[PDB]
Amino acid sequence: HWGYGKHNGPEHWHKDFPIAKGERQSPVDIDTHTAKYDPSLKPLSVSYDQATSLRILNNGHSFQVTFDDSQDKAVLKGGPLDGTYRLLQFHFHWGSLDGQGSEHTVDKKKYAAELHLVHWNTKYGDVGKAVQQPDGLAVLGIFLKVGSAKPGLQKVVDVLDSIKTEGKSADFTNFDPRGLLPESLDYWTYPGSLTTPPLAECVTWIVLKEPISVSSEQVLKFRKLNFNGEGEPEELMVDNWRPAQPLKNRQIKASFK
Ligand SMILES: O=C1Nc2c(Cl)cccc2S(=O)(=O)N1
Ligand SMILES: O=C1Nc2c(Cl)cccc2S(=O)(=O)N1
Ligand SMILES: [Zn+2]
């Protein structure tokens, strides 16, 4: 029932999901002058060499690439994290215009899109159990700006025609997510939530400072996806982002000076 339209969008979600007005909701605005460098943070460890991608799917709210998480193959460790977090999927949020689309903002600046690489804490055994824990998930968030093409994104964009409508999936094996990463792993981190229903407050957010550049042609392909299912009137999948939520009693920590 929930979505991104006028009658089912973010301002309505609290009725079905009262945690929408909770104490650690995401996304947030990252005020760069107020985020404090934390020298006790460790460098991120992003170990994606053994990643096994499986499928790509249009779920009616985004498109998502899934991974085999039945073994420690592609894992996120270090930084603010205790223990090992397994990559299980990535997806994006994007806009109808280049000046909007990201969920997190930086000094109120919105990027054209935001990539979420979703990982779960292996101490909880499965992702469903992890989402019930305050430290169950770690999401690596990466901003997209429009400029030069990102070569590592092209294989994604070229398959989107085959998953145009809600409910479509396709094989998407042998995709290397290392090609989506910027050079620097400098990051901000804070405790938050999923940015869609169920809005569970289970995420350690790790948002990279350096955006990746993608071309106008790449992002235009995102905007040709459909929220609707096959054999229905086209409603373009655009502006599938939740706006910044109140920071409340939280501090955003920077890994860098
Ligand atoms: O699309 C997804 N939805 C989820 C929900 Cl609703 C709850 C828990 C985990 C997931 S997920 O990250 O596996 N992929
Ligand atoms: O829209 C989002 N939904 C999520 C779900 Cl349902 C599960 C895991 C992580 C996410 S997310 O917060 O990265 N962005
Ligand atoms: Zn997301």
When a/c is below 1.5 the answer is rounded, else prolate if a/b is larger than b/c, else oblate, so apply that to the stretch 59-142 with a ≥ b ≥ c taken from the square roots of the Cα gyration tensor eigenvalues.
prolate
Note: probe point = Cα of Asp31 + 7 Å toward Cβ; backbone nitrogen < 20 Å; residues of the stretch 75-103 passing the test are 103
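Summing -39500 (n - 2.57) over the DSSP H runs of n ≥ 4 in the chain and dividing by its residue number, what mean residue ellipticity at 222 nm do you reach, to the nearest 500 deg cm²/dmol?
On the way: 4 runs with 21 residues, N = 257.
My calculation for the chain gives -1500 deg cm²/dmol from helical runs alone.
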Can you return the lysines within cross-link range of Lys36? Criterion is Cα-Cα under 28 Å, with same-chain partners fewer than 8 residues away left out.
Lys21, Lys77, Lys108, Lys109, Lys110, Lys145, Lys209, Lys248, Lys253, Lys257
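Under the definition of Cα pairs under 8 Å and six or more residues apart, what whole-number percent is the relative contact order of the chain?
Relative contact order, the chain: 26 percent.
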For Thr84, the residues 5 or more places away or on another chain with a placed amide H closer than 5 Å to its own amide H are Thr122, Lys123
Please give, to one decimal in nm, the separation of the simple spin-label points placed at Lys73 and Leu220, each 7 Å out from Cα toward the Cβ.
3.5 nm
Quote to one decimal, in nm, the extra length available between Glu183 and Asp239 on full extension: 0.36 nm per residue of separation minus the C-alpha distance between them.
17.4 nm
At 7 Å along Cα-to-Cβ for each site, give me the label-to-label distance between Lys21 and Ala149 in nm.
4.9 nm
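Net charge near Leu144, counting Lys/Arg +1 and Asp/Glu -1 over other residues with Cβ under 10 Å of its Cβ? If you can, show how the numbers build up before the last one.
On the way: positive: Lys145, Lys150; negative: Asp98, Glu114.
Charge balance near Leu144 sits at 0.
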Straight-line reach only, C-alpha to C-alpha below 17 angstrom: list the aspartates and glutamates that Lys155 could link to, leaving out same-chain residues fewer than 8 apart.
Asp171, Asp176, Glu217
Quick one: what are the phi-derived ³J(HN,Hα) couplings along the stretch 29-36, Karplus 6.51/-1.76/1.60 with θ = phi - 60°, whole Hz, x for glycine and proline?
7, 9, 7, 5, 7, 8, 5, 9
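Starting from the Cα gyration tensor of the stretch 108-215, take the square roots of the eigenvalues, sort them a ≥ b ≥ c, and report rounded, prolate or oblate (rounded when a/c is under 1.5, otherwise prolate if a/b is larger than b/c, else oblate). Let's see the in-between values first.
Working: a/c = 1.86, a/b = 1.27, b/c = 1.47.
Oblate shape, in that a/c is at least 1.5 and b/c is the bigger or equal ratio.
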Please name which of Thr189, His1, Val146 has its Cα lying farthest along the dipole of the chain towards the positive end, using unit charges on Cβ (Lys, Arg +1; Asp, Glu -1) and the Cα centre as origin.
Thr189
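For the chain, just say rounded, prolate or oblate: build the C-alpha gyration tensor, square-root its eigenvalues into a ≥ b ≥ c, call rounded for a/c under 1.5, and beyond that prolate if a/b exceeds b/c, oblate if not.
On the way: a/c = 1.33, a/b = 1.19, b/c = 1.11.
Judged from the Cα gyration tensor, the chain comes out rounded (a/c under 1.5).
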Provide the per-residue ³J(HN,Hα) series for the stretch 239-250, in order, calculated from phi with Karplus coefficients 6.51, -1.76, 1.60 and θ = phi - 60°, each as a whole number of Hz, with x at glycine and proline positions.
6, 8, 10, 8, x, 4, 10, x, 5, 6, 8, 9
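Rank-order 185-195, 167-177 by packing density, defined as the average count of other C-beta atoms within 10 Å over each peptide's residues, highest first. Could the numbers behind the result be given before it?
Working: 185-195: 21.7, 167-177: 14.7.
For the peptides 185-195, 167-177, the packing ranking is 185-195, 167-177.
FYI, it's all coordinate maths here, none of it is from the lab. FYI the Cβ positions are ideal-geometry reconstructions off the backbone, even for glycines, and counts take in every protein chain you see.
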